[PDB]
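K.L.:
Take this structure, written in structure tokens, and hold onto it; I'll ask about it next.
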Amino acid sequence: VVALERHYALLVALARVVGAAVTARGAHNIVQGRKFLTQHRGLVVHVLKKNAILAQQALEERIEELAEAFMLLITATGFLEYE
Amino acid sequence: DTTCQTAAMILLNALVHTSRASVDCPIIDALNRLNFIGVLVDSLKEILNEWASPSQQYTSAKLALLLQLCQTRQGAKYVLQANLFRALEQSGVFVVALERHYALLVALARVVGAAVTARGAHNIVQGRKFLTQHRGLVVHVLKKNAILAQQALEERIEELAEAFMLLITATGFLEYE
Amino acid sequence: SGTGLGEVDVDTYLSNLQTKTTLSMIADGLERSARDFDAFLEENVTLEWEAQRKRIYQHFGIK
Amino acid sequence: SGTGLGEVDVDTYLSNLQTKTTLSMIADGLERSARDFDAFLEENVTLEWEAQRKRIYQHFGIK
């Protein structure tokens, strides 16, 4: 249970760097964000649906942060408009 | 109707399948002229709402059909022009209950994986964006693989993990680093 | 004995028959589609680079 | 009593002290970074659209 928690910790770190970068400059980086979600589609869907004893709470906490990380990139990149 | 649309969707799979065995096909061409491929890709949106149950089995035949068109060389032309990358993004899709979840991701991954490696270097530009925009999620699957319900769930992980791997080597994401 | 022992009626018997036929048809179609996809993948991957495609990633990504 | 009872030596005592100090420093740094990131996210999300950002996806994607 502890090994998996460390795995998500790495994905969260990378997701935050990419998420904050796209929403930093503006419409000049949204073109890249859409490709990241489209090229890696499906993986994020599993995380956004999972969230929707000590080690268990720690693991679930990372899922909440990981799930909310991509959500920020979606609303910031405007992937909904692409459909 | 719920059963007519299901049987009709599965029927088209047999027509295109047996036609290829007979590099082009007149059946797939007719579907494009009738605006069937167009409306079909449009229905891909909000797939999460649709997905034993009658609605579940119906979607299986739907995504299964699209996977067949992405195997022939001519399908990449008509399929790519439908702008399927933007259709699967609006839906936000990216022990037995979990198994069904991966089954949907595999179906979508196969359609996208086979489509990029069908035409050539004209679709690799889109594949890189899908992996970069959705990075991290695939990393969890590729690392997971590396009683009855358990084996069935793990089997989907192997197929899902190998699905993206084919797109990577076919798209050339390693060169981008 | 007779006149009913864990049995059903004709109106329900025909419905159960139709449901079983439909379920069997759907299962056969799904299995055939899966087998065709597996054969296609085996034919496309048996060309070359069977283990390198995964070795490159295992070397690039975290093992 | 004395002369040793589940005790250690000075050479190992100083090493354990240094290791504990290093681990505490690393833990404090990680906790401070996490707290700063959480505060930044709270400041950036408290502007508006707190629940809509997830509702749009719950309506688009499969619930």
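Chains as they are written, first to last, in my numbering: chain B, 589 to 671; chain D, 350 to 526; chain C, 338 to 400; chain W, 338 to 400.
Backbone N, C-alpha and C define an ideal beta-carbon position, used for all residues, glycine too.
Flag this pair as yes or no: are the beta carbons of D/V442 and B/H628 separated by less than 7 Å?
P.N.:
Your numbering for residue 442 of chain D matches position 93 in the second sequence. Your numbering for residue 628 of chain B matches position 40 in the first sequence. No, these two residues do not count as a Cβ contact at 7 Å.
K.L.:
Just tell me which of B/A609, B/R613, B/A597, B/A615 has its CA closest to the CA of W/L367.
P.N.:
Your numbering for residue 367 of chain W matches position 30 in the fourth sequence. The option with the nearest alpha carbon to W/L367 is B/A597.
K.L.:
Helix, strand or coil: how does DSSP classify C/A376 here?
P.N.:
Residue numbering aside, residue 376 of chain C sits at position 39 when the third sequence is read from its first letter. Residue state, collapsed to three classes: helix.
K.L.:
Nearest-angstrom Cα distance between B/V606 and D/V372?
P.N.:
As a working mapping, residue 606 of chain B is identified with position 18 in the first sequence. As a working mapping, residue 372 of chain D is identified with position 23 in the second sequence. Looking at the two C-alpha atoms, the distance is approximately 42 Å.
K.L.:
Are any of the Cβ atoms in chain D nearer than 7 Å to that of C/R390?
P.N.:
For the purposes of this step, residue 390 of chain C is identified with residue 53 of the third sequence, where counting begins at 1. Answer yes: the Cβ-Cβ gap between C/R390 and chain D drops below 7 Å somewhere.
K.L.:
Please specify which runs of the beta strand (DSSP E), each continuous and at least 3 residues long, are wholly inside the stretch 380-463 of chain D, giving them in chain order.
P.N.:
Taking only runs of at least 3 residues, no beta strand (DSSP E) segment lies wholly in the stretch 380-463 of chain D.
K.L.:
Rounded to whole angstroms, how far is the Cβ of B/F667 from the Cβ of B/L599, which I believe are closer than 8 Å?
P.N.:
Residue 667 of chain B sits at position 79 when you count from the first residue of the first sequence. Residue 599 of chain B sits at position 11 when you count from the first residue of the first sequence. About 19 Å; that fails the 8 Å criterion.
K.L.:
Sort out for me which residues DSSP pairs B/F624 with in a bridge.
P.N.:
Along the first sequence, one-based indexing puts residue 624 of chain B at 36. Partner(s): D/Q482.
K.L.:
Could you check the C-alpha separation between C/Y394 and B/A655 for me, to the nearest Å?
P.N.:
The residue given as residue 394 of chain C occupies position 57 in the third sequence. The residue given as residue 655 of chain B occupies position 67 in the first sequence. For C/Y394 and B/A655, the distance between alpha carbons rounds to 25 Å.
K.L.:
May I ask which residues mark the beginning and end of the alpha helix (DSSP H) holding W/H396?
P.N.:
Translated into positions along the fourth sequence, residue 396 of chain W becomes position 59. 389-397 is the extent of the alpha helix (DSSP H) around W/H396.
K.L.:
Say whether chain W places a C-beta atom closer than 7 Å to the C-beta of D/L437.
P.N.:
Working through the second sequence from its first residue, we reach residue 437 of chain D at position 88. It does not: the Cβ of D/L437 has no partner Cβ on chain W nearer than 7 Å.
K.L.:
Which same chain residues end up closer than 8 Å to D/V490 when comparing Cβ atoms and leaving out the 5 residues on each side of it in sequence?
P.N.:
Counting from 1 along the second sequence, the entry for residue 490 of chain D is found at position 141. Within the same chain, D/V490 has close Cβ partners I506, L509, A510, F513.
K.L.:
Any residues in the stretch 469-487 of chain D with a beta carbon nearer than 9 Å to a beta carbon of chain B? Which ones, in chain order?
P.N.:
Those residues of the stretch 469-487 of chain D that come within reach of chain B (Cβ to Cβ, closer than 9 Å) are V474, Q475, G476, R477, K478, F479, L480, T481, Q482, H483, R484, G485, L486, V487.
K.L.:
Please state if the CB of B/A643 and the CB of B/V610 are separated by a distance shorter than 7 Å.
P.N.:
Along the first sequence, one-based indexing puts residue 610 of chain B at 22. Along the first sequence, one-based indexing puts residue 643 of chain B at 55. Contact: no.
K.L.:
Would C/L360 be called buried (16 or more neighbouring beta carbons within 10 Å of its own) or exposed?
P.N.:
For the purposes of this step, residue 360 of chain C is taken as residue 23 along the third sequence, with counting starting at 1. Looking at its Cβ environment, which holds fewer than 16 other Cβ atoms inside 10 Å, C/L360 is exposed.
K.L.:
Would you give the residue range spanned by the alpha helix (DSSP H) that B/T663 belongs to?
P.N.:
Translated into positions along the first sequence, residue 663 of chain B becomes position 75. Looking at the DSSP string, the run of the alpha helix (DSSP H) that includes B/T663 is 642-665.
K.L.:
Does DSSP put C/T340 in a helix, in a strand, or in coil?
P.N.:
In the third sequence, residue 340 of chain C corresponds to position 3, counting from 1. If DSSP states are grouped into helix, strand and coil, C/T340 belongs with coil.
K.L.:
My assumption, with CB atoms under 8 Å, is that D/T518 sits in contact with C/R369. Please give the rounded CB distance.
P.N.:
By one-based count along the second sequence, residue 518 of chain D stands at place 169. By one-based count along the third sequence, residue 369 of chain C stands at place 32. About 28 Å separates the two Cβ atoms, so there is no contact after all.
K.L.:
Here's the rule I'm using: 16 or more other beta-carbon atoms within 10 Å means buried, otherwise exposed. How should C/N353 be labelled?
P.N.:
Position 16 of the third sequence, counting from 1, holds the residue named residue 353 of chain C. So C/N353 ends up on the exposed side.
K.L.:
What do you get for W/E385, buried or exposed, if any count of 16 or more other CB atoms within 10 angstroms of its CB means buried?
P.N.:
In the fourth sequence, residue 385 of chain W corresponds to position 48, counting from 1. Flag for W/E385 reads exposed.
K.L.:
Under 7 Å between the Cβ atoms of D/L502 and D/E448?
P.N.:
Translated into positions along the second sequence, residue 502 of chain D becomes position 153. Translated into positions along the second sequence, residue 448 of chain D becomes position 99. Taking 7 Å as the Cβ cut-off, D/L502 and D/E448 qualify as a contacting pair.
K.L.:
So is B/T663 in contact with chain W if we call contact Cβ pairs under 7 Å?
P.N.:
Taking the first sequence and counting its residues from 1, the one referred to as residue 663 of chain B is at position 75. Chain W contact via Cβ: present.
K.L.:
Examine the Cβ distances between the stretch 404-421 of chain D and the stretch 366-378 of chain D and report whether three or more of them are shorter than 8 Å.
P.N.:
Because the criterion of three Cβ pairs below 8 Å is met, the stretch 404-421 of chain D and the stretch 366-378 of chain D touch.
K.L.:
Under the rule that 16 or more other beta-carbon atoms within 10 Å means buried, what is B/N639, buried or exposed?
P.N.:
Start at 1 with the first residue of the first sequence, and residue 639 of chain B comes out as number 51. With fewer than 16 other Cβ atoms within 10 Å, it is exposed.
K.L.:
Give every residue of the same chain whose Cβ lies closer than 7 Å to the Cβ of D/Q417, excluding the five residues on either side of it in the sequence, and list them in chain order.
P.N.:
Position 68 of the second sequence, counted from the start, is the residue given in the question as residue 417 of chain D. The answer, listed in chain order, is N362, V365, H366.
K.L.:
Any residues in the stretch 387-403 of chain D with a beta carbon nearer than 9 Å to a beta carbon of chain W? Which ones, in chain order?
P.N.:
Result list: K394, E395, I396, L397, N398, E399, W400.
K.L.:
Tell me, please, whether the CB atom of D/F385 is closer than 7 Å to any CB atom in chain B?
P.N.:
The residue labelled residue 385 of chain D in the question sits at position 36 within the second sequence. D/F385 does not count as touching chain B.
K.L.:
Let me know if D/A467 comes out buried or exposed under the rule of 16 or more other beta-carbons within 10 Å of its beta-carbon.
P.N.:
Your numbering for residue 467 of chain D matches position 118 in the second sequence. The residue in question, D/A467, is buried, as its Cβ has 16 or more Cβ neighbours within 10 Å.
K.L.:
Tell me which residue opens and which closes the alpha helix (DSSP H) that D/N472 is part of.
P.N.:
Indexing the second sequence from 1 puts residue 472 of chain D at position 123. Here D/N472 belongs to no alpha helix (DSSP H), and DSSP marks it neither H nor E.
K.L.:
Could you tell me whether any Cβ in chain D is nearer than 7 Å to the Cβ of C/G366?
P.N.:
What you label residue 366 of chain C is simply residue 29 of the third sequence in a count that begins at 1. It does; some Cβ of chain D falls within 7 Å.
K.L.:
Would DSSP call W/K400 helix, strand or coil?
P.N.:
Along the fourth sequence, read from residue 1 onward, the residue named residue 400 of chain W stands at position 63. W/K400: coil per DSSP, three-state reduction.
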